[PDB]
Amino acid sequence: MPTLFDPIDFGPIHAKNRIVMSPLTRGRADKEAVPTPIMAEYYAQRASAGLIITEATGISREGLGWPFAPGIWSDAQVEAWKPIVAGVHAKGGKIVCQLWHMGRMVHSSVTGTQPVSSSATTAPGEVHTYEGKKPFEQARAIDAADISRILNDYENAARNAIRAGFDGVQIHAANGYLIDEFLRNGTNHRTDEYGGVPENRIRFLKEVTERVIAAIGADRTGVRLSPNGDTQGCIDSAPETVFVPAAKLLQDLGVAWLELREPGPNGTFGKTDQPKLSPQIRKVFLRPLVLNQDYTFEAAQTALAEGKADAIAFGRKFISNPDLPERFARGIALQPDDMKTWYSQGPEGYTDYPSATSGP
């Protein structure tokens, strides 16, 4: 029944279409994690998206390890976000701030402090720093004091997002970051009430969501989960035993919308024979369901036609096609994205991909 071009309501957010811009870390903020004027241009270019989900935005210095990524804990960050968000609204667009705690996926050279997690684990591979890739450090397992402080940071970030004029927030509970580190048995070795059985592994996500809901309203709160596929050293061996109850809980708490990132056995941003949980989650989460990863125009039109999703989020296509909706509507070819400028500092590979009007 619905097509990508039909409007949709994300709680009180009236989106003109069901073509969502997925959250994309670009590293065009400054070294104090304050957004920059070039980010106002980037988001305004993409305002024809029914909904923009921002790049992951740090809730705290502790939880932000990504060089040149923005935060939203500080008044200076809020002030820099305001015109970015205003430019999107002036174009009739909608935008939500993706709230990030990176958990063990940080380097102390960036945060000034030991990475923190569910448990004292080391992420595989290398971590981005201002001085190049470094070996990951072993994290420390957060205690009750840390959990109270981090819940405070999620609360403050949520309030600051509304203060900056955002239409809502999405809790980043995916891709092997803090919340996902609690959800997966691989990264959660805790002996306390946040460890062991599924309901315990879900409790951190529950407390974060409840605190954000209390601060800004359930109707302005979304979540992202990546149920299937080891993303960044983070696998559950029985994902349905934690991800379906998590989605059930998010339904029960009144969460306005859920996005699932689902790699395929032959994904371009993740590969896994761990099946997709989307169909099971669709039955237990009943408000708008956004699916993401390797969608094409036709795959997205078909997901919607078959009631598998209410909307589709596109990441890489929105890097290089600021007017993606218009291109889909008119059957215009999509431009390729330049991987080399995903995370560089300049306007090159950021604001210089033309619309199918503005250049060649």
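We number the residues from 1 along the sequence you see.
Comparing 254-262 with 276-284, the stretch with the higher mean C-alpha B-factor in the PDB entry is 276-284. Between the stretches 33-41 and 299-307, it is 299-307 that shows the larger average CA temperature factor.
For the set 152, 170, 111, 191, the PDB entry puts the maximum C-alpha B factor at 191. The maximum CA B-factor among the listed residues 77, 209, 187, 148, taken from the PDB record, is found at 187. Split the chain's modelled residues into thirds by C-alpha temperature factor. Residue 9 is in the highest one. Sort the modelled residues of the chain by CA B factor and residue 222 lands in the lowest third. Residue 330 sits in the highest third of its chain by CA B factor, as recorded in the PDB entry.
Among the modelled residues of its chain, residue 269 has a C-alpha B-factor that falls in the highest third according to the deposited record. Annotation for residue 73: CA B-factor lies in the lowest third of the chain's modelled residues.
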